[PDB]
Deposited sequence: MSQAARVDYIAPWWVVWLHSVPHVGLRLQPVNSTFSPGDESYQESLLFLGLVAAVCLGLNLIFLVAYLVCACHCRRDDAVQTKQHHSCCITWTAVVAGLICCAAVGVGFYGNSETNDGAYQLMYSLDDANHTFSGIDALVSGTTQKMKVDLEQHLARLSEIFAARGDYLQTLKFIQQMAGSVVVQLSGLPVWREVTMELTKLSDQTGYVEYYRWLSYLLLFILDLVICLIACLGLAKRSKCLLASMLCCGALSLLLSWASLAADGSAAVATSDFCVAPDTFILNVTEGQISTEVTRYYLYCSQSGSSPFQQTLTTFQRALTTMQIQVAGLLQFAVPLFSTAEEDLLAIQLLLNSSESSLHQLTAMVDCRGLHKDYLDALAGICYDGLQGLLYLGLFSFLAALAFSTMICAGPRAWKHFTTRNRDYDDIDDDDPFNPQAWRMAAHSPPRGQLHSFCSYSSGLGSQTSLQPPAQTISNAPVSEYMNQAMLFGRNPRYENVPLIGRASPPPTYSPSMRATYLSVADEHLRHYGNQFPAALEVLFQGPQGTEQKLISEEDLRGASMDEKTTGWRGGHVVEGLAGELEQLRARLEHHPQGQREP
């Protein structure tokens, strides 16, 4: 996030996970969220998690049957310790995933603000030029209907304004990209809020299950032991479902993060020029800005307009008592236009947008991927804890 984006070792490893599709068919592991084969590979990872959950349940049933048909305190304490470690790791991973999601949201909002500002500046300058300059120049022409030189100067000012308007219209329009960014930010906020809440409820339920199981064991209550066995089975189901979700999300995120610029270029094509997208995506210092010529022509037109207006003031104003207010209004408009041009040349610069892109990449890849990995670790630990507790169940019942 400081110089460039390099795919971390964990991103590379997760991307290395084979994508197999439902019927064990090799699937191309390039981020294609809209591709049926890619979605099938993610579903296959989820299905492998489901098969592992089924194996866990089968082993638990076999062990319970063998124990009933055919240490307790220490196994209970070990299960409680593993559950506490799992809940701590889950809290950490949940917070890290929330941090990554909020970093992505912040980068999307910053890019949205920059693009909306570019659009507002271009629209405001265009409206100012056309409407206000035309009105003031019409008034000045009506008051100056005696001097061919002055009329020609007004015509030159109008022509320069037209050139400025053409250049401004030649800049990218970011309305569609801004709508996409706002929609993505809203969806990310919604989904992240509900994911964080769901994992927090899972941690609370696991902690209460562990504490209630310990209390039931202390009080020697068959009702409490059976209720905690049922809750442990339900939490084992939830833990395996969570591990499936975390593994699939980690593999998809790693697929994206292994090559994010390729996906951005692929998905933006047709709505953003390749040169503009590459300018914002690579922000190479030794490179030519796609907007440099537009900005140069805009500022040259503004400079010529100001020179003409200053000459018109210093000459005509002594000759004509009136018409000074219109010239002053035009000069103020051009001063505002120069300020707007400086703001626009600052906004269209690749540095800020590339910083937003790199911050989003850092958030997603580093923070979010690590949070998803820690949530998968929590899921595995909770499965292990609620499996060992269920295994010790029958022995505790007997003794």
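- Unmodelled regions of the deposited chain, listed from N- to C-terminal end, are 1-4, 75-88, 418-599.
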